[PDB]
Every structure is written in C-alpha cells, then in structure tokens.
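Starting off, we have a lone chain in the form deposited in one PDB entry, written out as structure tokens.
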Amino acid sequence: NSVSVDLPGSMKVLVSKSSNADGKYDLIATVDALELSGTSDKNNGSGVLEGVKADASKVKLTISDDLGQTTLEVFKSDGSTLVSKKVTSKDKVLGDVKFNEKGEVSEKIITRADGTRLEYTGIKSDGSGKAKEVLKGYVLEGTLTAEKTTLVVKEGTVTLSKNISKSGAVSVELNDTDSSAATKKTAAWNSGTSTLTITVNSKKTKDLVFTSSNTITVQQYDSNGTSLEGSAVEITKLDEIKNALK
C-alpha cells in the first residue's frame, strides 16, 4: 500500500510505504489523466516520474528532495527537445514556459503567489519580446529585453514607464512632452520606498507607490505642495492610473 503526498502545483504522488531490494521507493502519479511512474532513493515522495502522452510526447515530473519544488516537462517523442516546462517553486510561484522547435524559450508566464502575472510572449533569441503585467483590476503592456521589462501607460503628452530589471528591481519614470512650465509633469523616483513623486509647476502633486503586494496607490499632496494629505488610494482600474497622470 502506498502513501499519498501533496505536491506544489496542485499534484499528488503515491510513494510506496517501504523500499524494494535496492532500497528504492516506487512512485506513481496521475497528471491530467496521464499515468506517470518512477523510482526514488528517497521515501518522502521526491524523485522523478515519467510517462508518455497519446501523441508520443515524453513527460517527466521531477520533485525536489524537500518537496519544495515540482517541475513538469513535456518533450518531443525522442525525449531530446523540450516543448513545455511548468515549475512551481517553494514560494508557490508558477513558471510556465513554452519552447520552439529548437527547444528555445519562446514564451514564459510567471504567476505570482498573489495570482498576478508577468506574461512574456514572442520571445526571440536575444531574450527580447512582448510583455504584459496582469494586476488585480487592470493590465499593463510593454516590451521585454535582456536588460528589462518596460510597461507603458500614456495619457495626453505624459508617458509613464514601469521598469522591471532582469533582477526584478522596479523603477518608474515619467516623461511629458508638454512644454508649458505651468502644466508639464516631471517626476522623481525614490528607489528606497518604491515611490514616484510627480511635480507640476514646482509643486509636488501626488505620490504613486508601487507596492510589494503588486498594487499601485496614489496619494495627493496639499496645495502647498509640501506634505501629503488624506490617505493613499489603491488603483483598481487602468483608468485611475490614467487619471493620476492628468
């Protein structure tokens, strides 16, 4: 009789209660109606399982020694070139990767623990491509390079650019082609608090905070332009970002 073990990525594996003559444990899993099997020198459910799709595609499930990570891979029928790879980390973040005929990354969708997503599509050999960030209530669009993701919001002559570096570091910038010194928006980015401060006509007007919970809040300054007033408001739709840029 086997032991059921819960896995990252909404999966289950059955591990034999005792080992075999080689001291190895049998593993069984069913992943979307596909039966996988394998053998492990651990007893906790970790190890490697394999199977074959109806179309002859090879399938391999790798479970990390501590049960923290699962990797679900599909290959071409000879097992040589990757087709897709789904990795759930111990922080429960999900990486969903598609590969081209040559087994090179052509698409990656990152699902964060809070369910927000970074969608990279049309990925080329220089790592460039199209990018989208799916937040709660709205979506941000831009491009990917080997250096950074850049998501853009335009409103009038103001262009707001959210940069995510290859390391995951966020920085935000604002450029206005308005040349009237009365209404032109400019902005300073405080990397330490993840806050962009917008200024018009030498007065601070609002703080946009790009939070660690993957939200944006807006808070106004008083008419003096010196101190914040009220309390920050969480953006819930793309139109409210645009309004903050007016």
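Heads up: residue numbers just count along the shown sequence, starting at 1. If you superpose the two forms and keep the largest set of C-alpha atoms that fall within 1.5 Å, you have the rigid core.
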Practice prompt. Could you check the entry and say whether 55 to 63 or 174 to 182 has the higher mean CA B-factor?
Written response: 174 to 182
Worksheet item: Per the PDB record, is the mean Cα temperature factor higher over 85 to 93 or over 98 to 106?
Response: 98 to 106
Response to the item:
Top Cα B-factor in this entry, restricted to 219, 193, 215, 197, sits on 193
Worksheet, complete the sentence: So, residue 211's CA B-factor, relative to its chain, sits in which third? The middle
Discussion item. Split into thirds by Cα B-factor across the chain's modelled residues, where does residue 130 land: lowest, middle or highest?
Written reply: middle
Response to the item:
So, residue 69's CA B-factor, relative to its chain, sits in which third? The lowest
Item to complete: Divide the modelled residues of the chain into thirds by Cα B-factor and specify which third, lowest, middle or highest, holds residue 161.
Response: lowest
Fill in: residue 15, C-alpha B-factor rank within chain (lowest, middle or highest third)
highest
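There is also a form deposited in another entry; it is not shown, and the following applies to it.
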Item to complete: Kindly check if the Cα atom of residue 227 is displaced 2 angstroms or more between the shown form and the other one relative to the superposed rigid core.
Response: no
Item to complete: Align on the rigid core first; then say whether the Cα of residue 181 has moved by at least 2 Å between the shown form and the other one.
Response: yes
Fill in: residue 62: Cα shift of 2 Å or greater between the shown form and the other one (core-aligned)
no
